[PDB]
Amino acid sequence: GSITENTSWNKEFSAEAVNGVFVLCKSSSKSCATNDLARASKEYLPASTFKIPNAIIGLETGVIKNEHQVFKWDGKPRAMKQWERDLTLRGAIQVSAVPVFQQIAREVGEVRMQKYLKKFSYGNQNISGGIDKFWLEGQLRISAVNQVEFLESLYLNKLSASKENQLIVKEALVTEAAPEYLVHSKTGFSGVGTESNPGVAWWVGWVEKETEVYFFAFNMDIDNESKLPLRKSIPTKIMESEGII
């Protein structure tokens, strides 16, 4: 579609010394607005946002048997305590349980993963770097505009996957529910990288408000975990100034 720059939105980045981009699209990706035309199409490691395509692929290949599959913890150390338990698919997405999705990816395997990222037009579609880590430290990259396009297809059930499996993943992604206000969303954080090679933090999703829908994707450069609150506050301020929130 078309991407239109709104430089007034940089106010929210400038204040916090943040280098990043917000892409926000009403109704469709036919017309999106952004603070940074160039960065809106610049591609970055997806980190935990990749759990969305991975969940769809796991269901499509039958690796995830169905919506009520329980991912059992084997009792062995996992890198975060909140992952050391049995999880549903929703649970695994919402607590961002990487080892659940690593095992999903291993079972999907390289051939099938490559096939579905091509079907989904997902970023640079580059899965090299290890089947269980390409989206964590490999060569996979996707832009904020491309995240919006992917999530719009998911919203419309237009990905090349069953409608059932798109609906399953959508319910797992609900993060805020009010009578006329529904948010689907997913956070991501690649890590702190370095000073000269920063990590990336993401917030992607969509807002359904009355009869209208808004697709959004935010990323920022980050080299310190203490800046992570900005990954939600900057795009929240912008959507509020648009009267969305």
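Take the two forms, find the largest set of C-alpha atoms that superpose within 1.5 Å, and that set is the rigid core. Residue numbers here begin at 1 and follow the sequence given.
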{"item": "Higher-deviation stretch (C-alpha RMS, rigid core fit) in 7 other deposited structures of this protein, choosing from 41 to 49 and 23 to 31", "value": "23 to 31"}
{"item": "More variable segment, 77 to 85 or 145 to 153 [Cα RMS over structures in 7 other deposited structures of this protein, core-superposed]", "value": "77 to 85"}
{"item": "Stretch with the higher entry mean CA B-factor, where the candidates are 5 to 13 and 20 to 28", "value": "5 to 13"}
{"item": "Between the two ranges 92 to 100 and 79 to 87, the one averaging a larger CA B factor in the entry", "value": "79 to 87"}
{"item": "Selection from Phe218, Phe189, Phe50, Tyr181 [criterion: highest C-alpha temperature factor in the record]", "value": "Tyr181"}
{"item": "From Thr211, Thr34, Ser185, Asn54, residue of greatest CA B-factor", "value": "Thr211"}
{"item": "Third of the chain, ranked by Cα B-factor, where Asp132 sits", "value": "lowest"}
{"item": "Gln114 - Cα temperature factor, lowest/middle/highest third of chain", "value": "lowest"}
{"item": "Where the record places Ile64 (Cα B-factor, split into thirds across the chain)", "value": "middle"}
{"item": "Modelled-residue ranking by C-alpha temperature factor, third containing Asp74", "value": "highest"}
{"item": "Within-chain third of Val207 by Cα B-factor, per the entry", "value": "highest"}
